[PDB]
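*Asks:* Experimental structure and its sequence below.
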Amino acid sequence: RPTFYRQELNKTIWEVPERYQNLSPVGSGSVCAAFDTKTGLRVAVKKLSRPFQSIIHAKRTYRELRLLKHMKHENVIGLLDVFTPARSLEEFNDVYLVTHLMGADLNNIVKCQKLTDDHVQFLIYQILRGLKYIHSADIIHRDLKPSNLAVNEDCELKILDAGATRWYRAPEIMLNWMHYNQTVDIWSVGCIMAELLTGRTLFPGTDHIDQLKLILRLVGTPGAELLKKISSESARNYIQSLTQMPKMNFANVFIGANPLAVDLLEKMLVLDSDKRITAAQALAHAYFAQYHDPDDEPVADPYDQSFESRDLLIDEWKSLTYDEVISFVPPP
Ligand SMILES: Cn1nc(C(C)(C)C)cc1NC(=O)Nc1ccc(Cl)cc1
Ligand SMILES: CCCCCCCCO[C@@H]1O[C@H](CO)[C@@H](O)[C@H](O)[C@H]1O
């Protein structure tokens, strides 16, 4: 145990190792920017909010620590440190996570700077590279969106999950298909890419039903091959009565754009999730010829997520989370 110190920021009490100095809030879990003295770099410190209040909250805390500890990739958020002031399992009630401070997210970059095709290839390439890694650990993001993409002054990017919200969501998630293959994240990428190319939100729906309406206007109402696969009689009938929107020609939609960018978008923005390009396939697409290195697109170690099936007591999840804090080994 290093030495800790108390400070109040925005009516929140923060107890951190003296290692971390100059704390100033960035967001509300609550996040502070800090100076890491041992390494002399700026970091973000997140104080977990009510981590062990319910069984579901306690499992989320554990899930969050388990995940961040596992993520070891350039284009994915990584855990620099995890600490608790607690001297013992009985004293355990707060969790803090430490990661790189990246100065800005992808909205910010898009909403005032017009991006070149080269900017788009590089930024999307990095999202796909990080996604290949995420997906190889049998993890699905489910909420990919520009605010979950941190970007530095070299436009190097990492994927995170900080916790408008639905403009990037796969149509199957908004019909609560409740199965979801990993290509839901690829839908999200198509939406992000289109917006980097045009500077405009692809599907800026006002509410849930407007969202879907806008999606179908571009990609059309489901074709016969898709409808064939819908096991739910009600879902089928919901779908089949809506006016039968034709699939738009993307070349006629994304006018100024690289024909290779258009081809890739067509392969990502498919209603049928069985037919969407995977992260690994997308990396070898010609759009990214300048960036693609098949020997530098690493996959993750096996990730044991059997805890996901488990129904445990708050204090069990708490103890399990406490073990993970203790076993943490900081990066090189
Ligand atoms: C839950 N989750 N899932 C992922 C992915 C899927 C991107 C690996 C990442 C995370 N969690 C986070 O990204 N958590 C997090 C913690 C501290 C800060 Cl300052 C910012 C974010
Ligand atoms: C309004 C009509 C929207 C239909 C879009 C949903 C089609 C998504 O695609 C479906 O996703 C499932 C994964 O969850 C798979 O099991 C199916 O095989 C696949 O076709």
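*Replies:* Noted; the coordinates are in hand. Residues are numbered from 1 along each chain as shown. Ligands and ions are numbered 1, 2, ... in the order given.

*Asks:* Under a three-state scheme, what state does the residue nearest to residue 187 when sequence neighbours are not counted occupy?
*Replies:* Distances taken as CB to CB, 6 or more residues apart in numbering place residue 170 nearest to residue 187, at 3.9 Å, with adjacent residues excluded. To be clear about C-beta, it is placed using only N, CA and C from the backbone, and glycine gets the same treatment. What DSSP: H, G, I helix; E, B strand; the rest coil gives for residue 170 is coil.

*Asks:* mind listing what residue 170 touches?
*Replies:* Contacts for residue 170 (CB atoms under 8 Å, 6 or more residues apart in numbering) come out as 180, 183-184, 187-188, 273.

*Asks:* are any of those buried, and which?
*Replies:* Among these, those classed as buried by neighbour count (16 or more other CB atoms under 10 Å) are 183-184, 187-188, 273.

*Asks:* Just those: which are in helices?
*Replies:* Using DSSP state H, the subset of these located in helices is 184, 187-188.

*Asks:* Just read off the phi/psi values of whichever residue of the stretch 51-200 of the chain sits closest to ligand 2.
*Replies:* In the stretch 51-200 of the chain, no residue comes nearer to ligand 2 than residue 179, which is 3.6 Å away by CB to the nearest ligand atom. Here is the backbone geometry of residue 179 (degrees, to the nearest 10): phi -140, psi -70.

*Asks:* If we ignore the residues flanking it in sequence, what's nearest it?
*Replies:* residue 172 (7.6 Å).

*Asks:* residues touching that neighbour, list them.
*Replies:* Contacts of residue 172 by CB under 8 Å, 6+ apart are 179-180, 184, 273.

*Asks:* Export the contacts of residue 170 as CSV, with columns for distance to residue 164.
*Replies:* Converted to CSV, these look like this (distance: CB to CB, whole Å):
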residue, distance to residue 164
180, 21
183, 22
184, 18
187, 16
188, 14
273, 23
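
*Asks:* before we move on, the earlier item: right, and the pair among the contacts of residue 172 with maximum separation?
*Replies:* 179 and 184 (9.9 Å; CB to CB).

*Asks:* From the chain's centroid, how far away is the helix or strand hosting residue 215?
*Replies:* Taking DSSP states H and E as the criterion, residue 215 maps to helix 208-219. Taking CA atoms, centre = their mean, to the nearest Å, one finds the center of helix 208-219 at 22 Å from the center of the full chain.

*Asks:* Now the closest residue to residue 175 other than its chain neighbours: which helix or strand?
*Replies:* Residue nearest to residue 175 in three dimensions, not counting chain neighbours: residue 235, with 6.9 Å by CB to CB, 6+ apart. According to DSSP H and E, residue 235 maps onto helix 233-241.

*Asks:* do you know how far the residue nearest to residue 187 is from ligand 1?
*Replies:* Distance, residue 170 to ligand 1, using CB to the nearest ligand atom, to the nearest Å: 15 Å.

*Asks:* for residue 245, same thing?
*Replies:* Residue 245 is 32 Å from ligand 1, by CB to the nearest ligand atom.

*Asks:* show me what contacts that residue?
*Replies:* With contact taken as CB under 8 Å, 6+ apart, residue 245 is in contact with 216-217, 220-221.

*Asks:* Which among those count as buried?
*Replies:* The buried subset of the contacts of residue 245 - by 16+ other CB under 10 Å - is 216, 221.

*Asks:* The nearest residue to residue 81 once chain neighbours are set aside: neighbouring residues, count only.
*Replies:* Nearest residue to residue 81 in three dimensions, chain neighbours excluded: residue 98, at 3.8 Å (CB to CB, 6+ apart). Residues lying near residue 98 (other CB atoms under 10 Å) number 22.

*Asks:* Ligand 2 contacts on the stretch 101-250 of the chain?
*Replies:* 171-172, 175, 177, 179-181, 222, 226, 229, 239 (CB under 6 Å from any ligand atom).

*Asks:* Contacts made by the helix holding residue 215 with the rest, please.
*Replies:* 166-167, 169, 171, 174-175, 202-205, 242, 245, 247-248, 253, 269-271.

*Asks:* Buried subset of those residues as a PyMOL selection?
*Replies:* This is the PyMOL syntax for the buried subset of the contacts of helix 208-219, where burial follows 16+ other CB under 10 Å:
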select buried, resi 166+167+169+171+202+203+205+269+270+271
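
*Asks:* which of the buried ones among the contacts of residue 170 sit farthest apart?
*Replies:* By the measure CB to CB, 188 and 273 form the most distant pair in the buried ones among the contacts of residue 170, at 12.0 Å.

*Asks:* Who are the contact partners of the residue in the stretch 201-332 of the chain positioned nearest to ligand 2?
*Replies:* Relative to ligand 2, the nearest point of the stretch 201-332 of the chain is residue 273 (3.5 Å; CB to the nearest ligand atom). Residues in contact with residue 273 (CB under 8 Å, 6+ apart) are 170, 172, 180-181, 183-184, 187.
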